[PDB]
S.K.: 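Take this structure, written in structure tokens, and hold onto it; I'll ask about it next.
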Amino acid sequence: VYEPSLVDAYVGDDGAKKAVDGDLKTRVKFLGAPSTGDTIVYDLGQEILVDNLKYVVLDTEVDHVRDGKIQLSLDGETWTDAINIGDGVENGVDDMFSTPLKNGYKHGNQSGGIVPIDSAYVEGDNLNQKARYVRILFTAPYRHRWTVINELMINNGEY
Ligand SMILES: [Ca+2]
Ligand SMILES: [Ca+2]
């Protein structure tokens, strides 16, 4: 069994381990704006029955995903939807300074104590998926912001 790690991304980053370190306060920035079809891909380090997936950022984070799918895979061949973000249509520049709450994210007080109150997240629940890899797939460009991840949280961080 191995620690999770980044295996592919559309752009360089300021420390990819920070997305999967189990610490909702540490965050990685991917240092560019996404285009349709771009991905960020992590190895989970072992096969896991994924019941719950959360993508967490701060509740004011402007570098949140606006249009994309967070997907799971067991084999690197089939990717299965877990979380849908946005409508798949490019947002305008008017959305550049929006918080994640403007784009359908939940606030931490909705999380039953799992996500801090000052943070926002999207979630897939009751997923019933076996997985070894997780990715963000961008379904539209957003030229005005980069991408930050505080955590891709698996099964609420349980053992
Ligand atoms: Ca983190
Ligand atoms: Ca959109």
Side-chain angles (χ1 to χ4, degrees), residues 4-24 26-44 50-72 79 81-127 131 133-142 144-158:
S5 69
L6 184 76
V7 295
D8 201 39
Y10 70 97
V11 66
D13 64 71
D14 71 1
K17 75 180 188 174
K18 293 175 293 193
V20 289
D21 57 3
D23 189 334
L24 305 205
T26 62
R27 67 212 187 288
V28 51
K29 189 171 286 179
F30 287 84
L31 307 166
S35 293
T36 305
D38 285 346
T39 64
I40 297 167
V41 189
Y42 283 87
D43 172 38
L44 302 174
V50 184
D51 167 81
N52 194 277
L53 182 62
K54 292 175 170 69
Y55 158 49
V56 182
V57 290
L58 293 179
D59 69 6
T60 52
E61 178 62 67
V62 295
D63 281 347
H64 61 272
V65 176
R66 280 160 175 82
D67 289 278
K69 292 177 172 286
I70 309 189
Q71 307 175 310
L72 291 166
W79 291 94
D81 290 354
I83 311 176
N84 292 327
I85 305 175
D87 63 358
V89 183
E90 188 177 3
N91 286 14
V93 71
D94 63 357
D95 200 50
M96 181 174 178
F97 284 82
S98 297
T99 78
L101 302 186
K102 175 67 179 62
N103 284 308
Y105 288 54
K106 300 179 180 180
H107 218 169
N109 68 14
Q110 299 173 236
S111 73
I114 300 296
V115 177
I117 298 174
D118 73 356
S119 295
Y121 66 104
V122 289
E123 179 177 16
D125 67 314
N126 305 123
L127 294 172
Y133 320 98
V134 62
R135 80 182 183 177
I136 303 173
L137 169 69
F138 294 88
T139 51
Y142 193 61
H144 306 288
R145 286 304 181 189
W146 293 2
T147 305
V148 167
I149 305 172
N150 283 57
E151 201 76 18
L152 292 170
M153 184 180 226
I154 300 287
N155 297 341
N156 288 320
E158 297 176 4

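Side-chain atoms are counted along with the backbone in the values below, which use heavy atoms only and exclude waters and symmetry mates. Sequence positions, counted from 1, serve as the residue numbers for this chain.
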S.K.: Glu151 side chain to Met153 main-chain N or O, any donor-acceptor pair under 3.5 Å?
M.R.: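 No.
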S.K.: For the pair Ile40 and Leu6, evaluate side chain to side chain contact (heavy atoms under 4.5 Å, CB included) and give the outcome as yes or no after the intermediate values.
M.R.: CA-CA 8 Å; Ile40 297 167; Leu6 184 76; 3.9 Å; yes
S.K.: Tell me, with the steps shown, if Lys29 and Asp13 meet salt bridge (charged side-chain N to carboxylate O under 4.0 Å, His left out).
M.R.: CA-CA 6 Å; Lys29 189 171 286 179; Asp13 64 71; over 6 Å; no
S.K.: Within the structure provided, determine whether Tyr10 and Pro34 are in side-chain contact (heavy-atom separation under 4.5 Å).
M.R.: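 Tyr10 reaches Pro34 side chain to side chain.
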S.K.: Can you give me the closest heavy-atom contact between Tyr55 and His64, atom names plus distance?
M.R.: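 Here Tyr55 and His64 meet closest at OH-CA, 3.8 Å.
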S.K.: Would you say the side chain of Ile149 lies within less than 4.5 Å of the side chain of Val57, judging by non-hydrogen atoms?
M.R.: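 No; the side chains remain at least 4.5 Å from each other.
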S.K.: Using 0.5 Å steps for rounding, measure from the OH atom of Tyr42 to the CZ atom of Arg135.
M.R.: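 These two atoms lie 15.0 Å from each other.
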S.K.: Would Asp23 and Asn150 count as a side-chain hydrogen bond (donor to acceptor under 3.5 Å, both in side chains) here? Give the steps.
M.R.: CA-CA 8 Å; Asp23 189 334; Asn150 283 57; over 6 Å; no
S.K.: Do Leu44 and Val134 pass the side chain to side chain contact (heavy atoms under 4.5 Å, CB included) test, and can you show the C-alpha distance, the side-chain angles, and the key distance before you say yes or no?
M.R.: CA-CA 7 Å; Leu44 302 174; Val134 62; 3.8 Å; yes
S.K.: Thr139 and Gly68: which non-hydrogen atoms are nearest, and at how many Å?
M.R.: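 In this case the closest contact between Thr139 and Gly68 is OG1-N, 3.3 Å.
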S.K.: Which atom pair, heavy atoms only, marks the closest approach of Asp51 to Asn155?
M.R.: N-OD1, 2.8 Å
S.K.: Is the side chain of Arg66 donor-acceptor paired with the backbone N or O of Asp87 at a distance under 3.5 Å, no angle test?
M.R.: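 Not at all, since once roles are kept as given, no pair shorter than 3.5 Å links the two residues.
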S.K.: Quick one: NE2 on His144 to CD on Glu90, what's the gap to the nearest 0.5 Å?
M.R.: 7.0 Å
S.K.: Any non-hydrogen side-chain atom of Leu31 less than 4.5 Å from a side-chain atom of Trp146?
M.R.: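 Contact flag for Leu31/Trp146 side chains = yes.
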S.K.: Test your reading of the model: is there a side-chain donor-acceptor pair from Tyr142 to the backbone of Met96, 3.5 Å cut-off?
M.R.: yes
S.K.: State, to 0.1 Å, how close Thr26 and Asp21 come at their nearest heavy-atom pair, and which atoms those are.
M.R.: OG1-OD2, 2.5 Å
S.K.: Any side-chain heavy-atom pair from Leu127 and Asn52 closer than 4.5 angstrom?
M.R.: no
S.K.: Which atom names give the shortest non-hydrogen contact between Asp38 and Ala33, and what distance separates them?
M.R.: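 Nearest pair, atom of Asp38 first, then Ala33: OD2-O, 4.4 Å.
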S.K.: So do the side chains of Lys102 and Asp95 get within less than 4.5 Å of each other, counting heavy atoms only?
M.R.: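 Heavy-atom side-chain distance check passes, below 4.5 Å.
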S.K.: Going through the distances and angles, do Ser119 and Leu58 end up as a side chain to side chain contact (heavy atoms under 4.5 Å, CB included)?
M.R.: CA-CA 4 Å; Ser119 295; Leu58 293 179; 3.8 Å; yes
S.K.: What heavy-atom pair brings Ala140 and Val89 nearest, and what distance separates the two atoms?
M.R.: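 Looking at all heavy atoms of both residues, the closest pair is CB-C, 3.9 Å.
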S.K.: State, yes or no, whether a side-chain contact exists between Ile114 and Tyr121 at a heavy-atom distance under 4.5 Å.
M.R.: no
S.K.: Would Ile85 and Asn103 satisfy side chain to side chain contact (heavy atoms under 4.5 Å, CB included), going step by step from the backbone distance to the final call?
M.R.: CA-CA 8 Å; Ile85 305 175; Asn103 284 308; 5.9 Å; no
S.K.: Does the side chain of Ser98 reach to within under 4.5 Å of the side chain of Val62, using non-hydrogen atoms?
M.R.: no
S.K.: Tell me if a side-chain donor or acceptor on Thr39 pairs with a main-chain N or O of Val41 at a distance below 3.5 Å.
M.R.: no
S.K.: Evaluate side-chain hydrogen bond (donor to acceptor under 3.5 Å, both in side chains) for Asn156 paired with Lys54, printing each intermediate quantity in order.
M.R.: CA-CA 8 Å; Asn156 288 320; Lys54 292 175 170 69; 2.7 Å; yes
S.K.: Are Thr147 and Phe138 packed together at the side-chain level, in the sense that at least one heavy-atom pair is separated by less than 4.5 angstrom?
M.R.: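 When only atoms from C-beta onward are counted, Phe138 and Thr147 do touch, with a gap below 4.5 Å.
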S.K.: Apply ring pair (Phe, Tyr, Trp, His ring centres under 6.0 Å) to the pair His107 and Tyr105, showing each step before the final yes or no.
M.R.: CA-CA 7 Å; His107 218 169; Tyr105 288 54; over 10 Å; no
S.K.: Can you tell me how far CG of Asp59 sits from CG of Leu101, rounded to the nearest 0.5 angstrom?
M.R.: 6.0 Å
S.K.: Can you list the residues that meet the salt bridge (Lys or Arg N to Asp or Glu O under 4.0 Å) rule with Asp81, with sequence neighbours excluded?
M.R.: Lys69
